[PDB]
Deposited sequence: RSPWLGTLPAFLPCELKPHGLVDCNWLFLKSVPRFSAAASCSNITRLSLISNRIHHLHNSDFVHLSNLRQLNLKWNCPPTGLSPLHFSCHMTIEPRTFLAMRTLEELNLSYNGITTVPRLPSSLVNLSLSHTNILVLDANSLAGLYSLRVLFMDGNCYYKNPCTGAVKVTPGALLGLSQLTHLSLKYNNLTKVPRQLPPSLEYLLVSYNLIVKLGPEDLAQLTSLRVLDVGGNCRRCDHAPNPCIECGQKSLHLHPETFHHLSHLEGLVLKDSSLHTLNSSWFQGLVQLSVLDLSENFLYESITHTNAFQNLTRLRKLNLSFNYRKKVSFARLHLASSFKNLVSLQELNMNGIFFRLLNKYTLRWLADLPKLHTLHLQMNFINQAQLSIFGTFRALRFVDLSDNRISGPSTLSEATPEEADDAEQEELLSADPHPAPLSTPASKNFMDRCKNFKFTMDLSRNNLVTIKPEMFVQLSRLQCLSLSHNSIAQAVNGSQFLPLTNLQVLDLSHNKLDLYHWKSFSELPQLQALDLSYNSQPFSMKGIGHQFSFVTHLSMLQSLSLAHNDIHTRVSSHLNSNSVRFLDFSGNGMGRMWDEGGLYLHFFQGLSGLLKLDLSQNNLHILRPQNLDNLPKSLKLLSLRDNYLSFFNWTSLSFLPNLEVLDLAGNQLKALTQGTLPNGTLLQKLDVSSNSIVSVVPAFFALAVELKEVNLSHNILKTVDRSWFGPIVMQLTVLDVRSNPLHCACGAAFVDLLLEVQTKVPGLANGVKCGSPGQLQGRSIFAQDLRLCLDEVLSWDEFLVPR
């Protein structure tokens, strides 16, 4: 009956991740397994016979078994990996090895990143003529230090005639390795000390599609972590360095202390799709340069964090393939009609990153003049007015104005933004009585995020100027009218959040709508509200058609049948997560006929005794995890015909009995029983139940632990065989 691969899990992948193993597991027949993952175990020594039973392995991951500081040194016998003559992928990263082990020629992908291998010679990689991918980053840098530098000897990799990918980051390299295999398409040599580049360093690299030479001359101003400042003032780039790269699609020159651009650099890069110029000193350069003149196939340009009014250069009008532009951390306080003028006629520019720029003045109307803008991020600036649920992803004209300095919303600020479909105003300081006058131009707005503000919500004309509004986020919002009276007057509103709100005395005793389908009302005081007797007894009843209701964290200690009966009869989902429900009659679920999903986790249902799941509930999933459930009455789940998922994890069950379920147990798609102090006597009967539904219980192989006996406590229900008595 047992799973064949104790103490690991069978997914042709055998998963043995995070099992504290100090040796390679031996386990039926192991002849059919092809993938083995042993990530973050404790294997510090490998041996000639350790993989002999796994001769058919294609993929082997040994990452994080013997990590150097922060020490650990891994020893590897000469023949360990040779047993696997068809090994294709191997990850040896985060292991304390000093030389590369002998490897079979079948190998295609190899990772030696974050090890202690300080020299690569022709003998290091002997016979790897089918190698396509080689990564070795992080062998000589501040988090994995070394004296001197990694050494890659001239022509060492020439035997790798099929090599397409090579990464040698964080290795204190002073020069590009010489005579690299001409087959290269990807070369990452960033974050070394290569302070000078010429065409010679890239000699015969004519199949390159991406080159990353960034971080080799680093300004270390306001560096959070240890950083080697460049001896030079700038990366020294020979003007002809890149010309022969005719298939170059990606180039990254980030953090190179570049003070000017030279159009020579890109002159022959006729398929440059992605250019990264971030973290340099190109503030003035992007304002005046001509370098962009012919960058005609460029789709992505990153100018972020490049340290009189900012105005992009005229050459930017040539970037007619440009889809995405990053201008974060440039720090310009003004956004006018000349700032981004040369972008406006670009036929495919859909994404504009403009955050962390301390913008305190913005004519946002400019974004209505663009050809295909779909997302402009203006978050984390200092905008305070007009000048003088967000997903929304990819498909909607979206603007992010979060974390700005808006205290008051004036409708003139939105002139010519009338195509906006999604908008965020969250984490501002808007203290305003919203009255239906604030968002007039926003005729097409569907999604509005106003969370983390100080809105006054008494006025029933609130948001009535937003006739397409479908989703309104008012979460974490802090004597006339009534709170939330506006909800009934928004005919399109399908999704609403009033979570973690300041719910005052004059709050409307009713929420009404014909359209709201999801209401998040978590983190409020529904416990205190429903304690007020009849006053809030029908609070949610007016939400006709409501499908989803979140009442998490509302300090609920009881749920009377009247309160359930007076929720909208359309409910399919109800969450009472993280309340204080101590007792609850399950037959009262009859008052929610269409209920499919019920979440009662984080409460204190000490047991599942009081009543049963009633005929003929349509309940599909029941989450009752993190309750101190010590007992379940037989046939409890028996009547829930449609039951498919049940989570009993983190309860105080000593067993899990078949009698709780009946025939339903075999249509269950999940049955989670983890983190129960199971009592693992030699007689224990739950073991035979769990094995029957093994395919449908998560983490059975080793995640289902014993709470007793004392020697078996904290250990798997297979740490000893329990079926021996």
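K.L.:
Any chance you could give me the deposited-sequence numbering of all the stretches lacking C-alphas?
P.N.:
Residues lacking C-alpha coordinates: 1-6, 18-19, 36-38, 82-87, 325-330, 412-446, 537-542, 790-803.
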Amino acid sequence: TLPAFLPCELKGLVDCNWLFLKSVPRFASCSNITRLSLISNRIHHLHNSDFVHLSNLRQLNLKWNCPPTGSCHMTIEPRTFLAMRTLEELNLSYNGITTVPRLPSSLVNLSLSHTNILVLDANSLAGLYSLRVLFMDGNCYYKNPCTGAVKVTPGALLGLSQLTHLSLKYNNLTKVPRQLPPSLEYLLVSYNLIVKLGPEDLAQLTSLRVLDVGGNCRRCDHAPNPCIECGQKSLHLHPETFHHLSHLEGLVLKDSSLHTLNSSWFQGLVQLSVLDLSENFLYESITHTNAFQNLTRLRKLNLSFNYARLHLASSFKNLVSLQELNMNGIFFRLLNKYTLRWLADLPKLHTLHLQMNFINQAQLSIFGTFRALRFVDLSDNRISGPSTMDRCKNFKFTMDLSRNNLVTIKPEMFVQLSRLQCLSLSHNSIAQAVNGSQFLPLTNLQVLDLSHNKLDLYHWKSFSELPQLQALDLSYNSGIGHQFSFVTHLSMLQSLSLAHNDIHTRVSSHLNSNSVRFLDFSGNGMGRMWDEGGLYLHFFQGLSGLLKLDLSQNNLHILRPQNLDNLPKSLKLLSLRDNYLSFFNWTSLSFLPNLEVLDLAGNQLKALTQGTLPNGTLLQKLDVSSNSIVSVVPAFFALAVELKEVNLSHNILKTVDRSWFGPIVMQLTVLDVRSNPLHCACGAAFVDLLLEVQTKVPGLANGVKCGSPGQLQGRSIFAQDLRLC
From here on, numbers count along this sequence of modelled residues.
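K.L.:
Does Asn394, which is modelled here, drop out in at least a third of the other compared PDB entries?
P.N.:
Yes, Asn394 lacks coordinates in at least a third of the other entries compared.
K.L.:
Find out whether the coordinates of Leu700 are absent in at least a third of the other compared PDB entries of the same protein.
P.N.:
Negative; every one of those entries includes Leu700.
K.L.:
Mean Cα B factor from the PDB record: higher for 690-698, or higher for 660-668?
P.N.:
Mean CA B-factor is higher for 660-668.
K.L.:
Which has the higher mean CA temperature factor in the PDB entry, 415-423 or 559-567?
P.N.:
Stretch with the greater average CA B-factor: 559-567.
K.L.:
Which has the highest CA B-factor per the PDB entry: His452, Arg79, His504, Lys300?
P.N.:
The listed residue with the largest C-alpha B-factor is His504.
K.L.:
Could you say which of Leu325, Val176, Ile652, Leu440 has its CA atom at the highest B factor, as listed in the PDB entry?
P.N.:
The listed residue with the largest C-alpha B-factor is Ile652.
K.L.:
When the modelled residues of the chain are sorted by Cα temperature factor, does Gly479 land in the lowest, middle or highest third?
P.N.:
Highest third, going by the recorded CA B-factors of the chain.
K.L.:
Rank-wise, by C-alpha B-factor, drop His47 into the lowest, middle or highest third of its chain.
P.N.:
Tercile = middle for this residue's CA B-factor.
K.L.:
Per the entry's values, where does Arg403 land by CA temperature factor relative to the rest of its chain, in the lowest, middle or highest third?
P.N.:
It falls in the middle third of the chain.
K.L.:
Where does the C-alpha B-factor of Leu19 rank in its chain, lowest, middle or highest third?
P.N.:
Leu19: CA B-factor falls in the lowest third of its chain.
K.L.:
Please place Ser55 in the lowest, middle or highest third of its chain according to the CA B-factor in the PDB entry.
P.N.:
For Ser55, the deposited C-alpha B-factor lands in the middle third.
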